[PDB]
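> This one's experimental. Sequence and coordinates below.
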Amino acid sequence: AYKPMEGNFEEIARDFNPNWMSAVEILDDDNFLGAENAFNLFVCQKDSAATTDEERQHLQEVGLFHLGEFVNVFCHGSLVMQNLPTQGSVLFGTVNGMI
Amino acid sequence: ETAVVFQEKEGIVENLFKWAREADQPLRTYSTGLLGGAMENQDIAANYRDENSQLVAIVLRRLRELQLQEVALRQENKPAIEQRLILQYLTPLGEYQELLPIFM
């Protein structure tokens, strides 16, 4: 976190499972996407039923997927025309030229 | 020393909230420092890290009025032992986190 009235930082939460990171990107201020050296993707989620302080410092891995390719970059922004479906758009950059 | 405010007779921690927000003014005159051994303790400062933040809002507003009381009384030709003991409450728990926001 960052509490500007407190002048310091604060640990909201933390995932515990040892995944070797490659690239991270915030999706929608609730869900967090990450990349792994094992050529995989996963979304973590800030928890809701915060019945205690222990069940709200533990991020939950919601979703797992083997994108069989090493993700270096993440970025926002679509490649198509804004005509003003889905919500949001995250592109990624890899080691084999696979966007 | 430590434990008389910390023992199983621990309602006096909660009772001094009643004995500050609702007590008599000569009772409040000495009621403030009675949580001093609670605030010198780190555990009650951890067991009431947010419930004291109620009481800090009470005791700071009363603390401000003394400068409107005592200086304006001195501003007539041109009691603070409470204010002495009020600041004796705030001195241990002023160091801790998350109380600096209402301090600022």
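Perfect, thanks for sending it. Numbers count the residues shown, from 1 in each chain, chains lettered A, B, ... in the order given.

> Would you mind listing what in chain A touches chain B?
Residues of chain A lying near chain B by C-beta under 8 Å from any C-beta of the partner chain: A:3, A:5-8. In short, each C-beta sits where N, CA and C put it, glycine included.

> Scan these and report the most crowded one.
residue A:6 (15 neighbours; other C-beta atoms under 10 Å in any protein chain shown).

> Would you agree that residue is in contact with residue B:102?
No: with contact defined as C-beta atoms under 8 Å, residue A:6 does not reach residue B:102; the gap is 10.7 Å.

> ok so, going back, which two of the residues of chain A next to chain B have the greatest separation?
Spatially, the most separated pair among the residues of chain A next to chain B is A:5 and A:8, at 10.0 Å (C-beta to C-beta).

> so can I have a markdown table of the residues of chain A next to chain B showing distance to residue A:74 and secondary structure?
Formatted as a markdown table, the residues of chain A next to chain B follow (distance: C-beta to C-beta, whole Å; DSSP: H, G, I helix; E, B strand; the rest coil):
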| residue | distance to residue A:74 | secondary structure |
| --- | --- | --- |
| A:3 | 27 | strand |
| A:5 | 31 | coil |
| A:6 | 30 | coil |
| A:7 | 30 | coil |
| A:8 | 28 | strand |
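
> any idea how far residue B:78 is from the residue in chain B that chain A sits nearest to?
Going by C-beta to the nearest C-beta, chain A is nearest to residue B:101 of chain B, at 4.2 Å. Residue B:101 is 37 Å from residue B:78, where distance means C-beta to C-beta, to the nearest Å.

> higher neighbour count, these two?
Taking neighbours as other C-beta under 10 Å, residue B:101 and residue B:78 compare with residue B:101 leading, 13 against 4.

> Could you confirm that one falls within a helix?
Yes: assessed by DSSP: H, G, I helix; E, B strand; the rest coil, residue B:101 belongs to a helix.
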